[PDB]
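Notes to accompany the following structure.
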Amino acid sequence: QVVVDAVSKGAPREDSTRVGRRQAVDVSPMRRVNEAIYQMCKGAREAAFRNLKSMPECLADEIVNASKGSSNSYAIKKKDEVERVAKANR
Amino acid sequence: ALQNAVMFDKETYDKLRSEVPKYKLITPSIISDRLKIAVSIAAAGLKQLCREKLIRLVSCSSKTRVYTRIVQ
Amino acid sequence: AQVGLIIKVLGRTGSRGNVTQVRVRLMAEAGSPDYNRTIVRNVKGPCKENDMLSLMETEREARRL
RNA sequence: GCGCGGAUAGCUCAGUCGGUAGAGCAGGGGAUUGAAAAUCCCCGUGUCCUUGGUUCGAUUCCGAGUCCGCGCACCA
RNA sequence: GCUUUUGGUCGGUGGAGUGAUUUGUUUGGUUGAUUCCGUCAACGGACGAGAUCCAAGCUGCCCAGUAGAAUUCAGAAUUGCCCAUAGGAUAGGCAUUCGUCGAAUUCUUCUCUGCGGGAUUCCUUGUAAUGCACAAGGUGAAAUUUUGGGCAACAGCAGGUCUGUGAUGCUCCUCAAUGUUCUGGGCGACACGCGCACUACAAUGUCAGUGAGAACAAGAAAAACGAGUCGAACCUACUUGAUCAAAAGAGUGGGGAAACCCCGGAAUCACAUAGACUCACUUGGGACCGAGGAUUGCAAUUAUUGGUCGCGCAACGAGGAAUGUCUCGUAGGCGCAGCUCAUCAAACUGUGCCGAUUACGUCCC
Ligand SMILES: NC[C@@H]1O[C@H](O[C@H]2[C@@H](O)[C@H](O[C@@H]3[C@@H](O)[C@H](N)C[C@H](N)[C@H]3O[C@H]3O[C@H](CO)[C@@H](O)[C@H](O)[C@H]3N)O[C@@H]2CO)[C@H](N)[C@@H](O)[C@@H]1O
Ligand SMILES: [Mg+2]
Ligand SMILES: [Mg+2]
């Protein structure tokens with residue numbers, strides 16, 4: 001349940017691409033499951049790259065902090081950066 | 001920098017037997033930066049606490065061993 | 001963020017074809033003002049119809065075709 | 001030597017009237033992108049010209065003084 | 001090889017035009033496809049596409065002392081009271097195990113394979129609106145060129161090859177020959193600039209153990225020298241070397257290769273291994289070179305190659321502008337064979353193993 005709560009919060013609901021200017025575009029529910037899994041495996045991988053911590057700790061920390069919606073997770077820093085850029089590129 | 005000790009001082013081994021059994025989610029990397037000791041000591045210090053039953057072994061593999069406090 | 005349901009996929013849009021033009025029904029709680037409201041919006045990513053998605057600002061509509 | 005203004009990071013500049021600094025802009029990163037300029041998001045960074053009286057606490061209050069502008073002065 | 005991974009080219013006879021030339025060969029839907037349906041001053045044909053061919057997946061018959069299986073008596077092994085130093089998770093009429101180099105007596109489940117089945121948009125209900133067809137699902141081993149390759153027209157390039165040939169025209173050299181053989185060098189030389197790999201920059205790891213466990217494949221000789229028949233050249237198990245390092249060096253078997261290698265003990269991986277390291281240019285990396293030694297060869301110097309101990313204080317901490325390949329048993333990783341080969345693979349041609357992310361779109365470049 002902590003993982004399903006981490007996947008559900010891990011990816012941005014909105015994003016911005018050039019469709020014609022840089023218009024804000026909605027994100028499908030399929031990609032939101034893809035990009036949540038992608039950005040948690042990423043970032044936990046970069047945490048443990050030259051760290052004392054093992055990979056099952058760095059992966060366990062990204063899943064927990066994204067499950068709580070904390071900004072300590074790598075994904076939630078990028079989930080909030082994309083949504084505020086999408087809110088300004090409307 | 002990250003200069004870790006390679007053997008226990010008498011001060012920090014007393015930290016090993018007191019504060020570490022009070023933690024939840026003990027791993028040899030949690031102990032390595034809390035107690036500033038190398039993981040080769042931290043893993044050796046935690047195998048000692050299992051045979052004294054102060055901590056619990058909740059998950060074991062050849063590389064990764066995860067420990068927890070015993071609740072009684 | 002309101003959760004809207006895709007009732008129609010209007011074709012692949014944009015230059016590179018990565019953006020999809022959909023027609024999304026807003027799915028409100030049936031006593032609301034903006035109930036059974038349908039919007040024509042751009043979706044980024046793989047989207048089939050009957051796929052719910054969250055919407056930040058529902059008062060915009062995308063320019064069709 | 002008379003009154004007014006200016007001194008606040010490299011540059012630029014509004015201040016809460018005596019409860020701690022801000023935006024502007026440059027300097028290092030990801031984004032746009034196929035490649036641009038512009039646009040964005042992210043990390044530098046000023047003991048706040050010198051002195052005191054040091055009001056709970058002085059870029060802010062106050063007393064001189066250096067510096068710089070304008071408009072005025074003027075008998076060893 | 002490349003124009004070109006594209007669907008394209010050509011006559012005949014009719015129509016059109018003074019003519020080069022058009023028409024057929026098409027505006028419409030459709031398909032990967034001038035693929036089809038419809039229209040149609042054209043009508044009939046030819047090639048290319050499709051078909052055929054190979055390989056892989058499911059399957060029939062045939063089949064085995066060059067493939068394997070069960071059983072039944074004999075022979076042997078364990079046999080319970082047992083809870084690891086700290087000891088988790090996880091099936092359960094006649095208990096189980098097999099150079100044991102046992103006898104028997106019934107079999108084709110897997111294996112091999114010559115021809116043959118099976119897939120066709122076949123069935124179903126939206127798109128389209130007659131048609132040709134399309135999407136979703138069914139059926140199934142397999143679902144849309146089933147997958148993957150081979151083969152590929154017509155024109156052409158002043159592409160490459162006169163270093164493949166006793167393929168060739170012309171022209172040069174032709175007895176101190178540009179012939180042909182020896183001997184010795186060189187092709188490999190390094191201020192440098194680039195393609196392509198390989199190895200890494202480490203802890204999702206290095207090490208040292210231990211387990212489970214692949215497919216494609218290769219393999220010896222002559223009108224010679226020896227005993228018209230047989231030997232030795234080739235690959236290999238096994239012993240030895242061994243009262244003491246590898247690398248060797250030797251015996252002794254076997255194999256013409258579904259019969260021996262071989263129950264092919266590949267490497268990734270795996271492991272509750274109670275193993276060392278613990279974030280460091282470090283037990284990461286292994287460039288550089290020093291000293292023994294042994295094999296290939298007629299010859300090792302400008303180390304052929306392996307192995308041993310040193311060196312490791314050689315950059316390298318994930319890479320600027322740029323750039324390449326890829327849509328499923330795929331990318332990537334991993335090794336193994338063959339080919340070059342007396343000796344030498346960071347190559348190439350094949351094969352297996354582990355096995356994903358993303359898209360199933362578009363004409364932006
Ligand atoms: N002889 C087959 C040829 O296929 C061509 O069409 C081919 C192309 O449309 C297309 O080929 C593309 C190729 O363009 C592109 N450069 C690369 C791409 N991988 C290929 O794709 C094709 O081959 C691979 C098989 O490896 C498959 O992934 C794929 O299913 C298949 N569409 O797919 C077709 C091959 O099936 C032409 N229709 C024609 O030249 C000819 O019929
Ligand atoms: Mg004519
Ligand atoms: Mg550079």
Side-chain angles (χ1 to χ4, degrees), chain A residues 11-12 15-20 22-25 27-28 30-60 62 71 74 77-80 82-90, chain B residues 1-2 4-7 21 26-28 30-33 35 37-68 70, chain C residues 8-22 42-50:
Chain A
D15 194 355
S16 66
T17 59
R18 63 175 181 89
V19 64
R22 187 74 183 174
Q23 296 298 108
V25 290
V27 176
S28 67
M30 188 63 210
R31 183 177 174 86
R32 198 183 301 169
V33 174
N34 294 121
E35 189 71 26
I37 295 169
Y38 179 74
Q39 295 296 326
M40 290 189 289
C41 294
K42 182 73 173 293
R45 184 174 65 244
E46 290 181 349
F49 172 66
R50 291 178 70 192
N51 210 168
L52 274 295
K53 291 180 71 67
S54 65
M55 186 67 202
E57 288 185 349
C58 293
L59 180 61
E62 291 291 327
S71 179
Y74 176 78
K77 292 186 287 292
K78 290 181 94 290
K79 181 255 182 65
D80 290 331
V82 171
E83 288 179 350
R84 68 187 179 183
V85 169
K87 180 172 70 176
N89 287 322
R90 293 181 188 270
Chain B
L2 193 140
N4 291 320
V6 294
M7 283 182 290
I26 305 103
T27 63
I30 285 301
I31 307 302
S32 181
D33 60 355
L35 272 66
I37 56 174
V39 185
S40 62
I41 320 156
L46 290 174
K47 297 172 189 176
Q48 184 64 41
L49 297 182
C50 286
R51 68 190 73 194
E52 290 183 351
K53 300 296 194 295
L54 300 180
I55 67 172
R56 184 176 180 266
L57 176 62
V58 67
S59 181
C60 180
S61 181
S62 292
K63 294 291 185 182
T64 68
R65 296 181 188 179
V66 180
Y67 304 101
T68 183
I70 188 163
Chain C
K8 190 70 176 296
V9 176
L10 298 178
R12 307 295 296 261
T13 181
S15 60
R16 275 89 65 88
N18 44 11
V19 183
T20 305
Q21 189 86 45
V22 306
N42 287 317
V43 176
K44 176 251 189 66
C47 61
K48 189 171 83 273
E49 74 179 6
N50 306 122

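Any value given below was found using the heavy atoms of this structure, including those in side chains, with hydrogens, waters and symmetry copies removed. In what follows, chains are A, B, ... by sequence order, proteins preceding strands, each numbered from 1.
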Give me the one residue out of A:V25, A:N89, A:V82 that meets side-chain contact (heavy atoms from CB on, under 4.5 Å) with A:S16.
A:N89

Could you tell me whether D:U32 is syn or anti, where syn means a glycosidic angle within 90 degrees of zero?
syn

Specify the separation, in whole Å, of atom CD1 of B:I70 and atom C1' of E:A86.
12 Å

Note down whether E:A221 puckers north or south, where north is a positive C1'-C2'-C3'-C4' and south a negative one.
south

Integer angstrom distance from the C1' of E:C10 to that of E:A153
10 Å

Could you check D:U45 for me: syn (within 90° of 0) or anti?
anti

Without decimals, in angstroms, what is the distance between A:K87 NZ and D:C40 P?
16 Å

Is it true that D:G29 and D:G30 stack, with six-membered ring centres under 5.5 angstrom apart and planes under 30°?
yes

Sorted by number, residues from residues 34-43 of chain A placing a heavy atom under 4.0 Å from RNA chain E are A:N34

C:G17 vs B:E52, nearer the 5' end of RNA chain E by closest nucleotide
B:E52

Non-neighbouring partners of B:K47 that pass salt bridge (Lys or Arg N to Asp or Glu O under 4.0 Å), sequence neighbours left out
none

When the P atoms of E:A280 and E:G338 are considered, how many whole Å apart are they?
47 Å

When rounded to whole Å, the CD to P distance for the pair A:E46 and E:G317 reads 17 Å

Interatomic distance at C1', E:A258 relative to E:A67, whole Å
8 Å

Roughly how many Å is it from CD in C:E49 to P in E:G126, rounded to a whole number?
15 Å

Establish, with yes or no, whether the OP1 or OP2 oxygen of E:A202 is under 4.0 angstrom from a side-chain nitrogen or oxygen of A:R50.
yes

Do A:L52 and B:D33 have side-chain heavy atoms sitting under 4.5 Å apart?
no

Taking only side-chain nitrogens and oxygens of A:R18, does any of them come within less than 4.0 Å of OP1 or OP2 of D:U33?
yes

Separation of A:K53 atom NZ from E:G205 atom P, in whole Å?
17 Å

Does a nitrogen or oxygen in the side chain of B:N4 sit under 4.0 Å from OP1 or OP2 of E:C279?
yes

Of the non-hydrogen atoms in B:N4 and B:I37, which two are nearest, and what is the gap between them?
CB-C, 3.9 Å

Which nucleotide, E:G87, E:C279, E:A202, lies nearest any side-chain atom of B:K53?
E:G87

Pick the P atom in E:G137 and in E:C339, then give their distance to the nearest Å.
50 Å

Applying a cutoff of 5.5 Å on centroid distance plus 30° on plane angle, are these adjacent nucleotides, E:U25 and E:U26, stacked?
no

Letter per nucleotide, 5' to 3', of nucleotides 269-277 of chain E [B base touched, S only sugar-phosphate touched, - untouched; heavy atoms, 4.0 Å]:
--SBBBBBS

Nearest whole Å is fine: how far is E:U204 P from A:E62 CD?
15 Å

Can a side chain N or O of A:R31 be found less than 4.0 Å away from OP1 or OP2 on E:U358?
no

